[PDB]
Amino acid sequence: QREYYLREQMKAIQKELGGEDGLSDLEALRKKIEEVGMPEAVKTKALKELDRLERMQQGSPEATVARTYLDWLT
Amino acid sequence: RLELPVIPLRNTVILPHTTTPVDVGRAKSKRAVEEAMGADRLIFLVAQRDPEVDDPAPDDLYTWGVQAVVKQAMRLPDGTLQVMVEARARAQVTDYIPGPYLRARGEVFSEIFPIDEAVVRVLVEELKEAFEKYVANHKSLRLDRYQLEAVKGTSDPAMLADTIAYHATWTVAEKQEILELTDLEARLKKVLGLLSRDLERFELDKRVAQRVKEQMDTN
Amino acid sequence: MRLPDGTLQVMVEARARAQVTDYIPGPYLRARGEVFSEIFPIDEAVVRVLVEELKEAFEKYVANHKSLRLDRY
Amino acid sequence: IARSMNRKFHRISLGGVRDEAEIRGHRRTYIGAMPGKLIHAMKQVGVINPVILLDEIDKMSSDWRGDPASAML
């Protein structure tokens, strides 16, 4: 029970210092998609690809392909 | 000029301007205390540092020391001596002679005169409400409460600072940095800063504890 | 007040002003003032508003003496 | 030449592979995470100065990726 409490407080202090993300990553990519360009069909294609990317979990080898493709489009 | 020898402490910080017990329990400082009583019976106590050893050395000490007084000394049959002291001031060492026993010639003291006590008074009242609020919120340090009505009328910043830091606990290094400066308002400002550190510390720990209970609730 | 240390400290006070036309490259020195020049304010209402504003600014300056080391009287 | 000017010395001996992945590596997401063969040369030295000999530049690491000409450029 006490080491359960230990991980509870490490999550609380985790958001208190490194849950700071008023700067984020994927929604920063969404804003970057919105502000540059674009033609409208390319913009809808990129937003569908972004939703597909955020639905899956990270570390998978297909998420790296989707991330690199959005990096090249932006 | 009241020659005073170099006598270290055990582990305890003794604050000036404060009637304080002194419990000399080191067997190789009994000689130091006894020949310090051969110097009009006032004792030059040096604060004890980085891990406590029993090695008298001219290079393994420091030269800052409080000046304690012998009223009367209670003896125990194991090398343990009790003396109720009241410190006058902080003193230095310019010329050191090795031993045993190690001797030290001090000079004129770090003396200061109070000018412009009104800014000091504003500093006194903000430090006043500062320690009043910390005693009012946090009781696991188990201090007394009922003495403020007599010492409220005292007008001396060194005695007020030593009174507050005497009954309060933190690490030894900034205790001696409260001791080992020359300015007198600046240390009041820095104990205000350490009080503000205490304030933000209990604010953040109750904040993360609150968040822990909400995470418990969520789980 | 004379002191037996070589330091002769005398308290002085300024009363008026002087002008220098004649000059002696000294020591010693001797000069001569020709005339006296001093102007006084006209329409002292704006001057009185300035005295009140100067007292207000001096009060704001005294109010910031937490790090200036000066008595409050 | 190196000992005349108090630098250090290396050999980097190009041509042994047929790609441009040894010069500029691949990202941490990729499986084979080989860093730069210049950057590992800057690992083998501890100084930012040293002279670097480059053996066999006529035969290069070409013809499966983009050819590492502009990588050398």
Side-chain angles (χ1 to χ4, degrees), chain A residues 1-36 38 42-74, chain B residues 11 13 50-51 126-127 129-143 145 164-165 167-178 186-219:
Chain A
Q1 191 272 331
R2 191 180 183 272
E3 62 188 1
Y4 177 69
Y5 173 76
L6 198 287
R7 289 185 297 276
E8 292 288 326
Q9 57 84 26
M10 85 178 182
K11 298 306 290 182
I13 196 62
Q14 179 71 259
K15 191 263 182 182
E16 282 290 328
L17 93 164
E20 185 262 330
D21 279 325
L23 270 72
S24 67
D25 182 75
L26 292 177
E27 298 295 322
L29 184 65
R30 185 182 297 274
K31 185 176 88 274
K32 182 67 180 293
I33 286 171
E34 194 272 332
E35 62 92 11
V36 300
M38 282 185 181
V42 177
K43 185 176 180 180
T44 59
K45 184 176 187 293
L47 290 174
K48 287 173 93 287
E49 184 68 29
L50 181 61
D51 288 330
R52 180 178 181 270
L53 181 60
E54 62 90 21
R55 284 199 297 267
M56 72 184 73
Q57 67 186 1
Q58 301 297 322
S60 65
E62 201 273 333
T64 65
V65 176
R67 178 71 179 175
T68 304
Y69 180 68
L70 292 175
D71 288 333
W72 279 99
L73 284 176
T74 54
Chain B
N11 54 4
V13 179
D50 207 70
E126 63 181 358
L127 180 64
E129 186 62 30
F131 81 94
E132 288 297 324
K133 182 66 177 178
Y134 183 71
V135 175
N137 198 4
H138 192 269
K139 268 77 70 177
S140 72
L141 269 299
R142 69 270 175 199
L143 272 311
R145 174 70 272 173
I164 295 164
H167 294 286
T169 64
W170 57 88
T171 60
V172 64
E174 66 271 17
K175 254 76 181 299
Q176 280 101 30
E177 275 111 22
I178 289 166
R187 62 187 68 190
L188 298 171
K189 293 179 182 291
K190 293 306 291 180
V191 300
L192 283 174
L194 191 144
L195 198 282
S196 178
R197 167 252 177 270
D198 299 331
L199 294 176
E200 59 92 24
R201 187 57 49 193
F202 64 78
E203 183 69 31
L204 66 89
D205 73 7
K206 76 98 180 173
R207 182 79 272 277
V208 300
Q210 196 73 255
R211 293 192 61 203
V212 164
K213 85 97 182 174
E214 282 113 20
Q215 288 166 352
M216 287 291 182
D217 181 74
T218 299
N219 292 315

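Lettering follows sequence order; numbering is per chain, from 1. Scope of the values below: all heavy atoms of this structure, side chains included, with no hydrogens, waters or symmetry mates.
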So does [X] have more than 12 non-hydrogen atoms from other groups sitting under 6.0 Å from [atom1]?
X       : atom1 : result
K139(B) : NZ    : yes
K190(B) : NZ    : no
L6(A)   : CG    : yes
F202(B) : CZ    : yes
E3(A)   : CD    : no

Worksheet, complete the sentence: Ordered numerically, the heavy-atom neighbours of chain A under 4.5 Å found in residues 209-219 of chain B are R211(B), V212(B), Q215(B), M216(B), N219(B)
Discussion item. Please identify, among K11(A), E16(A), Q9(A), the residue contributing the most non-hydrogen atom pairs under 4.5 Å to chain B.
Written reply: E16(A)
Response to the item:
The side-chain hydrogen bond (donor to acceptor under 3.5 Å, both in side chains) partners of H138(B) (sequence neighbours excluded) come to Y134(B)
